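As a plain string of letters, each chain reads:
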Amino acid sequence: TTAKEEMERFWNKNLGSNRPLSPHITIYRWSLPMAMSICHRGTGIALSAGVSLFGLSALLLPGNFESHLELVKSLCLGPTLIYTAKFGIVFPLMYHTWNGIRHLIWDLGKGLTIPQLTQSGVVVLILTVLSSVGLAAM
Amino acid sequence: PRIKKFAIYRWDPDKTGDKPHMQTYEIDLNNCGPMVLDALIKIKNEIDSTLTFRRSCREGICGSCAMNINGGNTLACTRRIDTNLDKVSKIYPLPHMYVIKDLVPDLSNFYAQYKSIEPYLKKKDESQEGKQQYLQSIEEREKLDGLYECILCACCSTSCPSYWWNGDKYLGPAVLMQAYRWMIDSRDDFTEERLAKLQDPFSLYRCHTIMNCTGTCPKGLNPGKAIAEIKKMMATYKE
Amino acid sequence: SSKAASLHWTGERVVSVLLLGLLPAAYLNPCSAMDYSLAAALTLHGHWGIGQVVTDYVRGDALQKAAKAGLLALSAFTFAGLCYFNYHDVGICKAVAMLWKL
Amino acid sequence: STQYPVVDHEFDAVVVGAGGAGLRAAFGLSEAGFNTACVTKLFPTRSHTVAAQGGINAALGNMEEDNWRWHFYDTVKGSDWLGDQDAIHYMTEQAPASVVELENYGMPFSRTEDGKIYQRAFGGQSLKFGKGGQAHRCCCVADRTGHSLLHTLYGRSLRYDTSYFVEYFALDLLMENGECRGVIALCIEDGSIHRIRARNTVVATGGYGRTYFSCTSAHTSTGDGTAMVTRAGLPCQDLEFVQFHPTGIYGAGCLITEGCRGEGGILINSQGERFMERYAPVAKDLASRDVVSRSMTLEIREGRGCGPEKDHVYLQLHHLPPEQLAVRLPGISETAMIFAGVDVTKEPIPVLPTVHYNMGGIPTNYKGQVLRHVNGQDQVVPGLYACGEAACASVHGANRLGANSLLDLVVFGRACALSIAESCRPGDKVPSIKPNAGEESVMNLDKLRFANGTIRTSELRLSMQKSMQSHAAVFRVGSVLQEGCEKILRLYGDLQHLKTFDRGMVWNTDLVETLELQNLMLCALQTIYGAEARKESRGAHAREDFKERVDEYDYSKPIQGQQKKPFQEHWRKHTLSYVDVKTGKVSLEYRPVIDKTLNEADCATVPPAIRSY
Ligand SMILES: *Cc1cc2c(cc1C)nc1c(=O)[nH]c(=O)nc-1n2C[C@H](O)[C@H](O)[C@H](O)COP(=O)(O)OP(=O)(O)OC[C@H]1O[C@@H](n2cnc3c(N)ncnc32)[C@H](O)[C@@H]1O
Ligand code: HEM
Ligand SMILES: O=C(Nc1cccc(-c2ccccc2)c1)c1ccccc1C(F)(F)F
Ligand code: SF4
Ligand code: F3S
Ligand code: FES
C-alpha cells in the first residue's frame, strides 16, 4: 500500500462514517500572533475592495473626480468627523503595511521565535497607531 | 483534600445515535500524579473506564497522548495540572480531526503525508551501503539539531489553520519539517528532487506564516522556521 | 517539469517590496509616471493576494475555476478603471492629494 | 460467533511487533522478497524503543583501537555465565556491521573530530579481555539514541510492500500440531477479528515491565507475545531475571540514562561519600547494573537515604562542563527538570533502582527459532521465531549489559529474516488452518468484553504490581518469595471475578487492558515461581539465603581434579517455565547454557570465573 492509496482510503473511510470533526476555532487558545494573522487577511481584503471600488466607479459612474468631491462637501461633516473617515482609511492601510514588512522579514528567515513574534507583534501594533494618527493629521 | 475538576470531550460510536458532549470528573490532587495524563489515567482506572485515549511512555517521548488541553495542543504526560481549583481543565481531542472515539483522532492521513516525502537516506549509488560508515563532520551534524528530535505527535499540524481548511492537499508543519530534515542531511543525495516534490500550490505553499504551529510544539522545536527555510531553498535552487 | 510554484511565490515578494518602495516614492515624487506604476503594482499585488484567499477557502471542482475567473475579470476591470483615471482625470496621486486637504 | 466478523488474511510471514527488532525483522523479510505482514498494537514510532537513551554497542573502534572479541568477553562476563556464548559470538561479531547498516540508513549518530560515529563509555565494558581498562564503544545519537534508531528503521520500512496492521492487538498464536500457523488478532479500530496466517511467524513484542509497580518501561510493556507462547503450552526462559536499572527518577520512575555515568556522572549517598568506590574498587559506578543497583538498594538499607523521607540516592552531574551536558545528555536534562524540577547543571537527580529490562523471554536459537524442550533436549518449533526483548536467546543471561538491547534488536531481528529467507522460499505452501481455529481467543475476548464481576481491571493490576514490587525486588528471600507465589496464584484465582465497564466495539481500551492483565499475570507467575526455586545468587537474581554462585564447579579454586556436579544439583542452567492456563499452576524444568562459540579458533570460549567489578 502506497502513501497516495492511504489518503484516498482515509477520505473514503471518514466521509462515509458517522464520525464528528473535533472542534477547532471554537476551542483553540487565542494568541496575538493569531489575531494578527487574521487582521492581515481582513485589512488585505478591505484594501483591495477599496481599490477596486475606486477603479470600477471611475469606469461606471459619470462626472469627474472634482464633481465627486464637491458632493462630499455638500453634506459638510464636522472637521473631526472628516478626520474620522480619514483615520478609518489610513488605519487598515498602515496596519497591513507594517505587518507586511514583518511578513517580509520572516520570508528572509529572520525573527521566527515565540518571543520575537510577540515583540515584533507589539512593534507593529504601536507603529500602526502612531502612523495612523500622524498621517490623518497631515 | 484538594479537588480539581476536569471537563472532557466524549463520543461513543458503538452507542446508537450518540452526539458529542462534555463530561466532568473530580479528582483529589493529593492522591494523583502532577501531569494531566495521570488524572486521565486515574479517572479511567477509578471513576470511568469508558474514557478512551492513546498513551505509552508517560515520558513525553512517544507522542501518543497528544491532545488539546485548555486551548493548546500538547502532550498530556508533560503538562502538569493547574493546581488552581477555581479553574476547570477542559480537555479536547486534536482540533479539526475525525474523532474515532473520545480523544482518539484518525491520524491515518497524517502518517500517509509523512510517507509521501520519503523520510529515509537516499544515495545516488546505494551499491556500497552497509559496509562503511558515512562521513559527516561535527558541523554538518549540528545542522540536524532542532529537527531530528520531532516525535510526530501531530500537535503543530493540528494547531494549524491551513491544515484545518486544507488538510487533504497540504502537508503541514510536522511533515514539512522532516522534508527539510532530509534536505540538509549532508549524507543525502536527493536534495534537488526533494524540493521539486513541493512544486505545486498546496504541498508547501499553503503556509502563510501563522506561526501557531511552533508556539504549540511540546518538544520546543520550530517547524515554522524550518518551513520558511524550505521556501528560501525553493526560490534559490538551480536546474 | 517546470518550477512555477516557487517562481510565483518569488513574484509576490518582488511586487510586495516594489509596492512598499512605491508609496513613499509617490509622496516624494507625485507624477503621471508614478500614477501608472502605482496602478500596476497595486492591482497585481491585490490580484495575487485575493488569489491566495481563493485557493485557501474555495473548495470545489468548477467553483475553484469560477472564482479564479471572476477574480481575473475584477482585476482586469480594476487595472483599466485606474488607467482610465490616470489618463482622463487627475490620477491616483493628485486625487489623494485633493482628498486629504479637505 | 455470529457476533464477530472473521477476516482471513494470507501471507508468507507475520511479524508481531513494530519495535526495533520488529521492524528490522519485518522489512528484512520483505527485502528478501517475502509477502510480509506486521502486526502492532501501537503505531510503530510509539513503540518503547523510542525511550532508548544510552546507545547501541559496536566495536567500531572509533575512539581507540577495539576488537569485537573484547565486546564478546564483556557480555558473557556480564551475563554471569548464564548467557549462551554461541549467540553472544554471533551478536558481537555482527555488531559493527549492524550499526554501520543503521548509520547508512540515515540514523543521525553524533559525530567526532574524525567525522566518525561517537562512541561512549558504559557500565560493564573493557578493553583487552578485562585487562585493558574502560572501553568506549557505545554508539549514540546524543541522549535520544533509541528514538532515532526507531525512527530511521521506520523510515526505511516504508520502502517495501510490507503490510502494517497498525493498532491491532494480537491475541494468540495460531497453532496446529506443534507448528505455528500465524496469529489471531483484535483490530482495535472497529472491534473486528482477523486471522492472519503464514508459513513463518516472528514474535517481537518486547518486555513485561508493567508486572511491577515501579518501572522505566512504557504502559504497553505487558509481555503479550510471552503470554501467547505460554498459552500454547510452550516454555518461557529465565523469567526470574529482571534488570533493575540503577538510575531511574524518584518521581514517575522515568529512566535517566547510564550514559550519564559513562560521561562522568557520580552516585552519592547522604554523607556525600562516592559510595560506588566502596562496592566496586576498579570499575566504580561504571560497574554492572545488577551490582550498582544492589549497592544502591543496600545503601538505603543501612540508613543512608537521600530524600526528605530517606528512600533514594543522588546522581550528581553538575561538575561536568555545561556544554558537555548540553551535547551529550540534552534529553535527560529536560526530563529531570520536567519530572523532578531539577537543573542538571546545578543540582543532582534523585535516582532509585527500578525495573527496566527482561532478560527472560521466549527461548531461542542463535538463529532466532523458538525452542521447546523435549526429553531434556532442544527442539525447533516449526514456523515460529522470536527476537528482541520478548525473546531469550540469552545473549544477556543473568544480567544484561548496558546498551546491548538496541544491538540485540537489530542483529536478531535481521537473523530471524535470514533464517526464514535461507530455509524456505516466498510463495511456498502457506499451511491451511482449521475452520474454527483461534476460537478460544474470541471466547476469551467475549467474556472480558461483557465481564460483570466484583474486582475492577485496574484494581487487580495494582494488586499484582505492588505484590511483585515487595516480594520479588532487588533482594529476595525464600519466605518472602513464597508469600509472593501464594499471593500471585490467589490473584490469578481472582481473574475469574473481574469487572469491565465498556461494552463497545470501537477502541475498547477497557477491554484490551484486561487482555493485558491476563498477559501480565501469566508473565508474573513464571517470574515469581522460578525466582523462588532458584536457590543461588547469580547476576540480577540475588538470594539472601543463598548468596553463593552455584556452578558445576567451584570456579574460584583450580579446575584440575575436582568433582563435577550432576545437572539437578547445580544452578548454571536456564529456567524453563510453563503454566496451565486454567489452574494457574507453574511447573518448571531446566536446560543447559551453551558454552561453545561458533568458532573456537576465531572466538575462544570464556569459562566461568570469579565475577566482580
Ligand atoms: C525502557 C527503556 C529501555 C531501554 C532504554 C531506555 C528505556 C526507558 N535505553 C536503551 C539504550 O539506550 N540502549 C539499549 O541497548 N537498550 C535500551 N533500553 C532497552 C531496550 O530499549 C529494549 O529492550 C528494546 O527497546 C525492546 O525493543 P523490542 O524490539 O523488543 O520492541 P519494544 O520497544 O519493546 O516494543 C514492543 C512492540 O511490540 C508490539 N506489541 C506488544 N504487544 C503486542 C500485542 N499485544 N499485539 C500486537 N503488538 C504488540 C508493540 O506495538 C511494539 O511495537
Ligand atoms: C496598496 C494597498 C494594498 C493592498 C490592496 C493589499 C492587498 C493584499 C491582499 C488582498 C493580500 C492577501 C491577504 C492574505 O493572503 O492573507 C495581501 C497580502 C500581503 N501584503 Fe498587501 N496590500 C497592500 C499593501 C501592502 C504593502 C504596502 C505591503 C508592503 C509591506 C504589503 C505586503 C503584503 C505581503 C508581504 C502579503 C502576503 C503575506 C503572506 O500571506 O505571506 N501589502 N495584500
Ligand atoms: O483562515 C485563517 N485563519 C483563521 C480563520 C478563522 C479563525 C481562526 C482562528 C481563530 C481563533 C483561534 C484559532 C484560529 C483562524 C487564515 C488567516 C490569515 C491567513 C491565512 C489563513 C489560512 F491560511 F487561510 F488559514
Ligand atoms: S515538530 Fe513538535 S508538534 Fe510537530 S510533530 Fe514534532 S514534536 Fe509534534
Ligand atoms: S499554517 Fe502552520 S505551518 Fe506554521 S507557517 Fe503555518 S503555523
Ligand atoms: S504518552 Fe508518551 S508522549 Fe505522552
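Enquirer: Would you mind going over the overall build of chain A in detail, with residue names and values included?
Expert: Helices and strands together make up the secondary structure of chain A, namely five helices and zero strands. Its helices and strands in sequence order give chain A the pattern α-α-α-α-α, from N to C terminus. Against the globule reference of 14 Å for 138 residues, chain A gives a C-alpha radius of gyration of 23 Å, more extended than a compact globule. The 138 residues of chain A split such that 33% are buried. When contacts within chain A are restricted to residue pairs at least 6 apart in sequence, long-range pairs at least 24 apart make up 78% of them. Accessible area for chain A stands at about 8,300 Å²; split by element, carbon and sulfur atoms hold 72% of it. For chain A, the distance from the average position of its 10 positive side-chain charges to the average position of its 6 negative side-chain charges is 10 Å.

Enquirer: Explain the UniProt feature "transmembrane region" in chain A to me, using residue names and the numbers behind them.
Expert: Residue and element names in this part refer to chain A. Following the UniProt record, one finds the feature "transmembrane region" at residues 32-61, 82-106 and 114-135. With 97% helix and 0% strand, residues 32-61 has end C-alpha atoms that lie 42 Å from one another. Here residues 82-106 runs as 100% helix and 0% strand, with 37 Å between its end C-alpha atoms.

Enquirer: Which residues make up the nonpolar core, and what values go with them?
Expert: Side chains of a nonpolar character, in soluble globular proteins, are inclined to be buried together. Core analysis: the largest hydrophobic core is formed by 141 residues, its most contacted members being B:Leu40, D:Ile56 and D:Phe412. Setting aside anything within four residues of it in sequence, one finds D:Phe412 in contact with D:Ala87, D:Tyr90, D:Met91, D:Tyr366, D:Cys387, D:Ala393 and D:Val395. Counting 54 residues, the second-largest nonpolar core is a separate cluster that includes D:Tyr4, D:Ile184, D:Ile193 and D:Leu498.

Enquirer: How would you explain the side chain of C:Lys3 if you had to name every residue and give the values?
Expert: With respect to the helices, strands and loops of the structure, C:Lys3 is situated in the segment before α1 (4-28). For the buried C:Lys3, no salt bridge is present, and the opposite-charge side chain at shortest range is B:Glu192, 8.6 Å distant. Within polar-contact distance, the side chain of C:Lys3 engages the backbone oxygen of B:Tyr237 at 3.1 Å. Those residues in contact with C:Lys3 that sit more than four places away from it in its chain are B:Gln199, B:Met234, B:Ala235 and B:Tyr237.

Enquirer: Break down the interface of chain B and chain D for me, with residues and values.
Expert: Every contact between the two is made by 63 residues of chain B and, on the other side, 67 residues of chain D. Of the roughly 5,200 Å² buried where chain B meets chain D, counting both sides, 49% is carbon and sulfur surface. In terms of surface lost to chain D, no three residues of chain B exceed B:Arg58, B:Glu59 and B:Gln133, which account for 15% of the buried area on that side. The interface formed by chain B and chain D holds six salt bridges in total.

Enquirer: Tell me about the domain arrangement of chain B, and please be specific about residues and values.
Expert: All names here are of chain B. Considered domain by domain, chain B is made up of domain 1 (1-106) and domain 2 (107-239). Here the C-alpha centroids of domain 1 and domain 2 sit 30 Å apart. Contact with domain 1, which involves 16 residues of that partner, is made by 14 residues of domain 2. Buried area between domain 1 and domain 2, summed over both chains or domains, comes out near 1,300 Å², and the portion from carbon and sulfur atoms is 62%. Among the residues domain 1 hides against domain 2, the three largest losses belong to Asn73, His96 and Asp106. Together they make up 37% of the total. Viewed at the interface, domain 2 and domain 1 are joined by zero salt bridges. When grouped by side-chain class, the residues that make up the side of domain 1 that touches domain 2 number eight nonpolar, six polar and two charged.

Enquirer: Got a sec to walk through a nonpolar patch on the surface? Specific residues and values, please.
Expert: Taken together, the side chains of A:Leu59, A:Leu60, A:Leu61, C:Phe77 and C:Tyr84 make up a nonpolar region of the molecular surface, amounting to roughly 530 Å² of accessible area. Position of A:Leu60 among the secondary structure elements: in helix α2 (residues 32-60). When its relative accessible area of 66% is taken as the criterion, A:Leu60 is described as exposed.

Enquirer: Describe the pairing of strand β4 (residues 72-75) of chain B, with residues and values.
Expert: Residue and element names in this part refer to chain B. Burial along β4 is two-sided: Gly72 and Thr74 facing one way and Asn73 and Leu75 facing the other are all buried. With four bridges connecting them, strand β3 (residues 66-69) and β4 associate as antiparallel partners. Paired with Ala66 across the strands is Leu75, a residue of β4. The antiparallel hairpin formed by β3 and β4 contains two residues in its connecting segment, where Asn70 sits at a positive phi of about 40°.

Enquirer: Before we move on, could you go through the site of ligand 1 and cite the residues and values that matter?
Expert: Residues and elements named next belong to chain D. Around ligand 1, 37 residues are found, and the nearest of them are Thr40, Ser47, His48, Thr49 and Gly54. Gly19 has a polar backbone atom sitting 3.2 Å from an oxygen atom of ligand 1. For ligand 1, an oxygen atom lies 3.1 Å from a polar atom in the backbone of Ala21. If ligand 1 stood free it would expose 1,000 Å²; the protein chains cover 98% of that surface. Residues that form the shell around ligand 1 fall into these classes: 15 nonpolar, 18 polar and four charged.

Enquirer: Which residues make up the arrangement of the chains, and what are the values?
Expert: By number of contacts, the leading pair among the five pairs of chains in contact is chains B and D. One thing to see here is that chain C and chain D don't touch, and their nearest C-alpha atoms sit 25 Å from each other.

Enquirer: I'd like to hear about the sheet that holds strand β1 (residues 3-10) of chain B, residue by residue, with values.
Expert: Residue and element names in this part refer to chain B. Spatial ordering of the open sheet is given by β2-β1-β5-β3-β4, a layout of five strands whose pairing is mixed. Looking at which strands have only one partner, the edges of the open sheet turn out to be β2 (21-28) and β4. Sheet twist, expressed as the average angle between the axes of neighbouring strands with direction ignored, equals 35°. Of the pairings in the sheet, the one linking β3 to strand β5 (residues 89-92) comprises two bridges and is antiparallel in character. Paired with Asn68 across the bridge in β5 is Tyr92.

Enquirer: How would you sum up the UniProt feature "binding site: [4Fe-4S] cluster" in chain B? Please name residues and give values.
Expert: Per the UniProt record, "binding site: [4Fe-4S] cluster" is found at B:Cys150, B:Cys153, B:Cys156 and B:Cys217. Separation in sequence by 68 residues is not matched in space for these annotated residues, since their most distant C-alpha atoms are only 10.7 Å apart. Tracing the backbone shows B:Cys150 in the loop between α3 (138-142) and α4 (155-158). With near-sequence residues (within four places) excluded, B:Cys150 lies in contact with B:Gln178, B:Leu221, D:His147 and D:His151. Along the chain, B:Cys153 falls in the loop between α3 and α4.

Enquirer: So, the environment of D:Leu329: which residues are in play, and what are the values?
Expert: Residue and element names in this part refer to chain D. Tracing the backbone through its elements, the reader meets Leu329 in the loop between α9 (322-328) and α10 (330-340). Among the residues examined, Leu329 registers a relative accessible area of 4% and is labelled buried. Measuring from C-alpha to C-alpha, the distance between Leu329 and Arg144 comes to 8.4 Å, with 185 residues separating the pair along the chain. Setting aside residues up to four positions removed in sequence, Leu329 forms contacts with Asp143, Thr257, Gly259, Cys260, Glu263, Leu317 and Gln324.

Enquirer: So what's going on with the side chain of B:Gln113? Residues and values would help.
Expert: Residue and element names in this part refer to chain B. Relative to the assigned elements, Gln113 resides in helix α2 (residues 108-115). With relative accessibility at 0%, the residue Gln113 sits in the buried group. In terms of polar contacts, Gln113 uses its side chain to reach the backbone carbonyl oxygen of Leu171, at 3.5 Å. Contacts of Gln113, omitting those with residues within four sequence positions, involve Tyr163, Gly167, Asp168, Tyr170, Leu171 and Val175.

About the thresholds
- Residues numbered from 1 in each chain as written, not as in the entry; some residues may be left out.
- Chains lettered and ligands numbered in written order.
- Heavy atoms only, no water.
- Helix = DSSP H or I, 4+ residues; strand = E, 2+ residues; numbered from the N terminus.
- Rg over C-alpha atoms; globule rule 2.2 N^0.38 Å.
- Buried < 20%, exposed > 50% of the residue type's maximum accessible area, 1.4 Å probe, protein only.
- Contact = heavy atoms within 4.5 Å.
- Areas by Shrake-Rupley, 256 points an atom, 1.4 Å probe, with all protein chains shown as cover.
- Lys, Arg positive; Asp, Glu negative; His and termini not counted.
- Charge placed at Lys NZ, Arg CZ, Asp CG, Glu CD.
- UniProt positions renumbered as here; feature names shortened; annotations may be inferred.
- Core = buried A, V, L, I, M, F, W, Y, C linked by side-chain atoms within 4.5 Å.
- Salt bridge = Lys/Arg side-chain N within 4 Å of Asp/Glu carboxyl O.
- Polar contact = N/O pair within 3.5 Å; in protein donor to acceptor, adjacent residues only side chain to side chain.
- Buried area = accessible area lost by both parts, 1.4 Å probe.
- Domains from an automatic or database assignment.
- Nonpolar A, V, L, I, M, F, W, Y, C, P; charged D, E, K, R; others polar.
- Patch = residues over 30% accessible without salt bridge, like charges linked within 9 Å, V, L, I, M, F, W, Y side chains within 5 Å.
- Pairing = 2+ DSSP bridges.
- Near = heavy atom within 4 Å.
- Axes fitted to C-alpha atoms, helices over the stretch in contact; angles between N-to-C directions.

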